[PDB]
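Each chain, letter by letter, is given below.
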Amino acid sequence: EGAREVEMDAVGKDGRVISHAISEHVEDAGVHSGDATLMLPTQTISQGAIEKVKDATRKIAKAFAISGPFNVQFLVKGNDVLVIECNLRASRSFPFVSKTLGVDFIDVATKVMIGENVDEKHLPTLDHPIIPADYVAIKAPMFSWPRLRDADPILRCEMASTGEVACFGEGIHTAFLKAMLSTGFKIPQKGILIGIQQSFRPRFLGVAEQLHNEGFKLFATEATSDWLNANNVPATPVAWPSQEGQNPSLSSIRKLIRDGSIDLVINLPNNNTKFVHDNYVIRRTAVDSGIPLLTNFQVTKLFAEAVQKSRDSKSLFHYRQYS
Amino acid sequence: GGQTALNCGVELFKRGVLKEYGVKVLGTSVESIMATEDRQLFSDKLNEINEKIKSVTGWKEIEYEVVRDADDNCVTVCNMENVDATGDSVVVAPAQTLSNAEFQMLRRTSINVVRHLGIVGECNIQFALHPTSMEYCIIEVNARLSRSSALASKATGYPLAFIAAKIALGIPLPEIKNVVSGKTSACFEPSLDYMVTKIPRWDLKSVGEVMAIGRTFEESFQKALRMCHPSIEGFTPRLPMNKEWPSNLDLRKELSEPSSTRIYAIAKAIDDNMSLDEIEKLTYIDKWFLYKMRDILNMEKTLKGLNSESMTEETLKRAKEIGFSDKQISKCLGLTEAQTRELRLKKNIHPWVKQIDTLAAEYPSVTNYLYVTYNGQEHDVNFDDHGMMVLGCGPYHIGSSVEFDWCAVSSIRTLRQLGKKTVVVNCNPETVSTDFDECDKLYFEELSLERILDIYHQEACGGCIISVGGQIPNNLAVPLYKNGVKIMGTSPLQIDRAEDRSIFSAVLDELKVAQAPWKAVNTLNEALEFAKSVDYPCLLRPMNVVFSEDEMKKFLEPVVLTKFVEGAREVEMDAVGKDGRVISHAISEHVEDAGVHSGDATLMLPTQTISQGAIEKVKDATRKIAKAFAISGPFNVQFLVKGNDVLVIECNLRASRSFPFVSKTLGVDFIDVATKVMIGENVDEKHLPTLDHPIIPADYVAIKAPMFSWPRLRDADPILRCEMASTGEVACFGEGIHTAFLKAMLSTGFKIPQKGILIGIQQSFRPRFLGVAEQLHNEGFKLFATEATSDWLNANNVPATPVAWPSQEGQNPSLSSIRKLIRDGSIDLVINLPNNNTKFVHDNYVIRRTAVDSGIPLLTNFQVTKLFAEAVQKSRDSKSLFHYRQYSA
């Protein structure tokens with residue numbers, strides 16, 4: 001629990017690593033690794049863990065006599081580094097890593113595999129990595145939508161996603177906001193629907209206060225709204241979609257999303273089978289109305305940090321040269 | 001090993017562990033020790049030989065250091081008299097105001113007490129003697145090495161600890177050699193032909209001490225005062241740090257209360273013509289000392305009436321002989337220090353180098369343990385070595401502790417291993433580096449420009465290292481350089497540039513290295529103008545925080561303002577440069593967010609939560625800085641990091657307190673490398689942690705934390721706030737930072753909490769804290785808090801037990817008291833985070849004080865608290881953490 005996930009993308013030649021790039025997932029390890037948002041270079045990984053990641057990669061490449069591209073995924077908690085798995089082929093992050101580092105990893109790999117000599121002097125080998133200093137890169141899905149496990153094995157609601165947006169920023173926060181804009185969203189500035197599991201309240205109150213201090217009006221289902229208000233974070237109560245008929249007093253989510261009062265939905269994973277349907281409906285509504293939907297806590301924190309640091313929008317892309 | 005080691009040994013004896021494993025306690029037996037540690041047993045034992053133990057204030061306090069061997073030979077090695085009125089006094093050795101009859105009566109009792117208790121080794125005994133009769137009593141006996149025993153060795157040249165260890169093997173005193181004379185044995189009592197003065201160093205309750213040697217009381221005493229702080233001129237009616245006396249001053253009140261400024265108050269009382277009898281009555285200081293103090297002030301008056309043409313050789317000679325510096329004299333005559341030195345040397349008035357030989361020259365010594373005095377007519381040594389001078393750190397205080405002792409030792413050793421002669425200068429009697437067996441000449445002397453020039457030019461040293469003794473030696477770089485001293489390594493001109501803020505900051509601009517916006521202000525309005533343009537809060541250097549405009553108003557009773565970003569990390573770069581190239585470096589991360597003082601920050605090495613891009617920027621800025629100041633030697637740069645933003649905070653062009661930590665963690669002595677670079681000795685860079693090939697431990701992390709922290713109340717009344725101060729060092733390795741942290745907690749002598757936690761936080765901090773509170777509770781800690789905070793926790797479904805504010809105990813019988821719960825063991829950890837509410841600053845100080853007095857861990861920072869909560873989650877028992885792990889590379 002609470003582990004970070006790290007991707008190693010590399011090219012081997014005769015069992016030696018002659019190009020590599022280490023990326024960190026924004027999301028804690030566990031929620032599917034294939035729709036994870038990647039940051040390059042790493043942001044919150046200890047230097048010792050990075051050394052272990054490099055060392056394990058060195059050994060793996062030699063044990064399987066690698067000549068060509070490969071990928072290894074790792075769990076990192078503090079200094080503990082655990083291999084999750086290895087794919088002895090190019091991964092979906094090869095293009096991202098290549099454009100970020102200014103070196104085409106597939107070109108290098110293709111050369112190695114056909115026996116065309118390659119000059120390692122300027123490549124990101126394990127001994128001399130390429131680490132962007134002046135910018136960070138983020139890779140996020142283009143589109144995400146919810147899926148209901150209506151098949152009936154378990155009752156749960158998952159996210160699926162597809163496509164790719166990748167952007168550069170001076171730091172990960174501006175890269176993130178650029179990726180949000182690139183996916184076609186407006187950066188929220190009005191109101192936020194907050195959905196969280198009750199057991200997650202202690203861990204969330206900090207971020208809730210922070211969003212409210214940035215000037216967002218907060219909305220939540222009644223018990224959560226009462227909880228926020230009792231902790232002196234102002235919040236407006238709304239109804240569960242399935243209970244719109246049981247209280248005329250409370251406003252409906254659909255209506256508030258339509259009038260533009262809510263322009264961001266945070267809807268974190270929730271195991272309570274009582275509200276899985278409603279949570280699916282809430283997520284579906286956000287997506288249908290074209291407003292950003294955050295379903296992970298680390299992503300949510302990243303967003304809250306990013307709006308704090310930021311302002312307009314044209315300024316983020318302002319004809320910066322990245323290399 | 002001090003009190004903790006004694007208690008640990010005694011405890012093992014009592015449990016039968018020493019008996020079970022056949023381990024003999026060497027030296028004084030545990031039975032005897034216990035008799036000296038318990039007041040009742042002590043009283044009982046003394047009554048068997050007609051000695052006894054009420055108020056003894058105003059009595060003279062005298063102590064003796066006694067050595068007794070296994071064959072019952074027993075000598076007194078040193079005696080000391082407290083000047084003022086436990087171990088925070090001005091002390092002189094030998095005692096000055098006793099008759100033979102008094103001295104020998106106490107000596108005799110010392111020896112009888114020491115025999116009756118069965119001391120085999122060293123012993124300290126303290127007496128109170130009635131000031132106008134022969135009545136006395138014994139205050140206490142210490143049967144372990146102490147501050148006093150250390151002071152006695154340094155004062156006499158008699159190596160107590162070494163001799164005590166030999167005695168513990170059953171070797172008698174006549175069979176052990178006196179290492180200073182070589183020709184005689186440990187079986188003798190030193191005769192001193194000089195006087196020693198020890199003065200505590202207070203935080204400007206004591207944090208360090210100085211010792212000075214002179215051949216008049218006045219020479220010794222003025223020297224020792226100067227050694228305390230560079231703003232102290234000697235014995236004068238003016239305060240340290242250039243502060244002026246309040247207009248509402250109650251002088252009699254200031255005299256009757258012991259405090260850190262009492263000595264200056266005495267000087268004022270005399271100067272304002274209060275009689276010495278009255279001063280004696282109020283201070284209990286024996287009038288003999290006050291006559292010497294009056295003589296110093298009369299000389300200041302005599303000097304003020306003179307000038308550079310009218311002052312005679314005789315008068316100047318006398319002034320120097322009673323401890324006047326060229327600086328003091330310059331102010332009286334209307335000259336500069338440098339003109340005064342020139343005038344004095346034109347009359348050929350100079351000091352003389354003498355040996356501390358333990359025997360008052362009864363026998364020739366070849367000792368290289370030296371001091372410098374105007375009271376003489378010849379030098380005791382030759383000046384043919386032309387050695388390399390190494391300057392020590394001066395007294396310990398906050399931000400300047402044992403780490404610089406390590407750096408001195410390494411530097412001195414490197415020189416010796418290269419066959420270079422060394423001259424060491426220091427005045428701190430608590431240091432290991434002031435060991436006359438490890439250097440060729442040791443001067444136990446002032447670290448002032450005047451006295452360093454005296455020694456350097458008399459020895460005709462080949463060079464001087466100023467880089468390994470902290471701030472004191474480094475601030476003398478330019479003055480030394482202008483007076484003919486060859487400084488090794490980075491040029492003094494570059495040191496001056498790097499530590500001039502304006503020039504440093506312009507150099508960073510040109511290099512395109514970012515820094516925290518800052519300004520030097522004069523008017524109060526210039527401060528508001530700056531604060532406006534970058535928002536509150538702001539920092540202040542003469543380091544204090546400023547939350548509002550009102551708060552700024554109070555502080556001016558030249559000042560620099562800086563904005564630190566909120567929520568930033570802080571990072572230290574420790575490095576060695578050679579010809580402007582970084583050939584060794586190490587980057588450490590502070591646990592604490594930037595802002596709370598950087599000198600008691602806990603360090604982690606290598607970094608834990610710093611982005612890779614920030615690390616690259618840190619390296620690049622260090623590369624440029626080293627080239628811009630042409631660095632050859634050690635240096636340090638501090639940075640703020642927020643995400644990818646990296647801002648230089650400052651640069652110190654010398655070794656930092658983290659050089660030992662970094663050296664041991666990386667397996668490379670950074671001081672050895674630096675010392676080699678500075679003297680031109682070639683070094684192989686192949687295996688060093690250069691910028692291009694760092695050394696980054698993979699299998700372990702290192703942590704460096706303070707040994708001891710205690711709270712301080714701003715009762716001075718500028719602001720009402722409670723801060724932490726700390727001293728010492730513990731460093732440990734662990735598989736990760738969490739286990740390193742727990743090992744550091746155990747190494748500092750704490751038990752890892754497992755029962756209950758007191759939670760104190762500012763109300764506005766609740767949203768940010770609730771997560772960690774839940775996490776601690778989920779680990780099985782019972783939570784306690786003051787009522788409103790307890791209610792808040794409970795309403796958020798985190799169980800908590802309410803307790804009372806200390807100031808409100810007995811106003812509610814329902815609520816339990818913190819003190820009681822700490823005593824029963826229900827609370828074994830206190831979290832007390834900074835709190836601005838002036839209503840509860842006093843209670844928060846009391847809570848913090850209670851935790852410290854009861855010996856339970858106290859966390860006062862949120863990041864540290866998070867680190868602890870994470871660490872207990874991961875951990876189990878205790879022996880397992882240190883389980884014979886091998887740490888390297």
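Preceding this section is the structure that the text describes.
To keep things clear, this report deals only with the structure shown in the data block.

1. A few points about the overall build of chain B
Link 1 in the chain: On a plain count of helices and strands, chain B comes out with 32 helices and 31 strands.
Link 2 in the chain: Its C-alpha radius of gyration of 29 Å places chain B within 12% of the 29 Å reference for a compact globule of 889 residues.
Link 3 in the chain: Split into buried and exposed, the 889 residues of chain B put 55% on the buried side.
Link 4 in the chain: Between the averaged position of the 99 positive side-chain charges in chain B and that of its 114 negative side-chain charges there is a distance of 2 Å.

2. Looking at the sheet that holds strand β14 (residues 518-521) of chain B
Across a sheet, paired strands are connected by hydrogen bonds in the backbone, their directions being either parallel or antiparallel.
All names here are of chain B.
Link 1 in the chain: Reading across from one edge, β14-β17-β15-β16 is the order of the four strands in this open sheet, with antiparallel pairing throughout. Each edge of the open sheet carries a strand with a single partner, namely β14 and β16 (544-546). Within the sheet, the average angular offset between the axes of one strand and its neighbour, ignoring direction, is 30°.
Link 2 in the chain: Bridge count between strand β15 (residues 538-541) and strand β17 (residues 559-562): three bridges; the pairing is antiparallel. Each bridged residue has a counterpart across the sheet, and for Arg 541 the counterpart in β17 is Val 560.
Link 3 in the chain: Sheet strands in contact with helix α21 (residues 501-511) are β14, β15 and β17, and its direction is about 155° off that of β14.

3. Side note on the packing of aromatic side chains
All names here are of chain B.
Link 1 in the chain: Summed over all chains, the structure comprises 31 aromatic pairs over all chains.
Link 2 in the chain: Each ring, one from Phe 217 and one from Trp 288, has its centre 5.8 Å from the other, and the planes form 70°; the classification is edge-to-face. With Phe 217 in helix α8 (residues 217-228) and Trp 288 in helix α12 (residues 287-304), the pair connects residues that are 71 residues apart, well separated along the chain.
Link 3 in the chain: Residue classification places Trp 288 among the partly exposed residues on the basis of a relative accessible area of 28%.
Link 4 in the chain: Look at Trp 805 and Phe 840: their rings are 4.1 Å apart centre to centre, the planes differ by 0°, and that puts the pair in the stacked class.

4. Some points on empty space enclosed by the protein
Residue and element names in this part refer to chain B.
Link 1 in the chain: The space that makes up the largest cavity amounts to roughly 50 Å³.
Link 2 in the chain: Surrounding the largest cavity, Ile 466, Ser 467, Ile 487, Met 488, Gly 489, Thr 490, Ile 495, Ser 632, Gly 633, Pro 634, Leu 653 and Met 678 form its lining.
Link 3 in the chain: Of the residues that constitute the lining of the largest cavity, the class distribution is seven nonpolar, five polar and no charged.
Link 4 in the chain: As a volume, the second largest cavity reaches approximately 30 Å³.
Link 5 in the chain: Forming the walls of the second largest cavity are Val 390, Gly 392, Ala 408, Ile 412, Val 424, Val 425, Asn 426, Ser 433 and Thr 434.
Link 6 in the chain: Secondary-structure elements contributing two or more residues to the lining of the second largest cavity are α16 (403-417) and β11 (422-426).
Link 7 in the chain: If one sorts the elements of the lining of the second largest cavity by residue count, β11 sits on top with three residues.
Link 8 in the chain: Taken together, the residues of the lining of the second largest cavity break down into five nonpolar, four polar and no charged.

5. Some words on the interface of chain A and chain B
Link 1 in the chain: Between chain A and chain B, the contact holds 33 residues from the first and 32 residues from the second.
Link 2 in the chain: Here chain A and chain B share an interface that buries about 2,500 Å² over both sides, 48% of which is from carbon and sulfur atoms.
Link 3 in the chain: The largest contributions to the chain A side of the interface with chain B come from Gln 47, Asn 79 and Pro 202 of chain A, which together make up 23% of the buried area.
Link 4 in the chain: Within the residue set of the side of chain A that touches chain B, elements represented by two or more residues are α1 (47-63) and α5 (201-213) of chain A.
Link 5 in the chain: Of the residues that constitute the side of chain A that touches chain B, the class distribution is 12 nonpolar, 14 polar and seven charged.

6. Concerning the environment of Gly 163 of chain A
All names here are of chain A.
Link 1 in the chain: By the secondary structure assignment, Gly 163 is in the loop between β8 (157-162) and β9 (165-169).
Link 2 in the chain: Under the relative-accessibility criterion, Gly 163 is labelled partly exposed at 48%.
Link 3 in the chain: As for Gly 163 and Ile 187, which are separated by 24 residues in sequence, their C-alpha atoms are 20 Å apart.
Link 4 in the chain: With residues near it in sequence (within four places) discarded, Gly 163 still touches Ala 140, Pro 141 and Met 142.

7. Details of the packing of helix α14 (residues 326-333) of chain B against helix α15 (residues 337-346) of chain B
Residues and elements named next belong to chain B.
Link 1 in the chain: With their axes 8 Å apart at the nearest point, α14 and α15 run at an angle of 100° to one another. Between α14 and α15, the crossing angle belongs to the class labelled roughly perpendicular. Across the interface between the two elements, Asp 326, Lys 327, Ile 329, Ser 330 and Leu 333 of α14 pack against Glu 337, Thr 340, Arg 341, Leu 343 and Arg 344 of α15.
Link 2 in the chain: For the contact of α14 with α15, the per-class residue count stands at three nonpolar, two polar and five charged.

8. Thoughts on the sheet that holds strand β13 (residues 463-465) of chain B
All names here are of chain B.
Link 1 in the chain: Taken in spatial order, the six strands of this open sheet run β8-β9-β12-β11-β10-β13, and their pairing is mixed. Lying at the two open borders of the sheet, with one neighbouring strand each, are β8 (352-355) and β13. For this sheet, the mean inter-axis angle between neighbouring strands, taken without regard to orientation, is 30°.
Link 2 in the chain: Note that strand β10 (residues 388-391) and β13 share three bridges and pair parallel. Bridging across to β13, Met 388 finds its partner in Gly 463.

Rules behind the numbers
All residue numbers start from 1 on each chain and follow the order of its written sequence rather than the entry's numbering, and residues without coordinates are excluded. Note on labels: chains are lettered from A, ligands numbered from 1, in written order. Every figure given here refers to the displayed chains, which form just one part of a larger assembly. Only heavy atoms go into the side-chain values, all of them from the structure, while hydrogens and water stay out. Going along the chain from the N terminus, every DSSP run of H or I of four or more residues is numbered as a helix, and every run of E of two or more is numbered as a strand. Here the globule rule reads 2.2 Å times residues to the power 0.38, and the radius of gyration is calculated from C-alpha atoms. Type-normalised accessible area, obtained with a 1.4 Å probe on protein chains alone, sets the label of each residue: buried when under 20%, exposed when over 50%, and partly exposed for intermediate values. Under the counting rule used here, the positive set is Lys and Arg, the negative set is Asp and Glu, and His together with the chain ends is not counted. Here the site of a charge means NZ on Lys, CZ on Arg, CG on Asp, or CD on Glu. Only strands joined by at least two bridges in the DSSP assignment are considered to pair. Lines fitted to C-alpha atoms define the axes here, with helix axes fitted over just the stretch in contact, and angles between the N-to-C directions of these axes take values from 0 to 180 degrees. Contacts are assigned to residue pairs with any non-hydrogen atoms lying within 4.5 Å of each other. Whether two aromatic rings pair depends on their centres lying within 6.5 Å, for rings of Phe, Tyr and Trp, where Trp uses its six-membered ring; planes under 30 degrees apart make the pair stacked, over 60 edge-to-face, and the rest tilted. Two kinds of site are reported from a 1 Å grid over the protein atoms alone, namely cavities, where a 1.4 Å probe fits but cannot get out, and pockets, open sets with protein on both sides within 12 Å along at least five of seven lines, and residues are called lining when an atom falls within 4 Å of a point. Grid points are joined across faces, edges and corners, and a volume is the space filled by probe spheres set on the points. Ten residue types, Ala, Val, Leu, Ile, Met, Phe, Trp, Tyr, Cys and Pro, are classed as nonpolar, four, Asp, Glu, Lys and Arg, as charged, and the remainder, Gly among them, as polar. Buried area is understood as the total, over both parts, of accessible area removed when two parts are fitted together, assessed with a 1.4 Å probe. Between 65 and 115 degrees an angle is taken as roughly perpendicular, under 35 as roughly parallel, over 145 as roughly antiparallel, and anywhere else as oblique.

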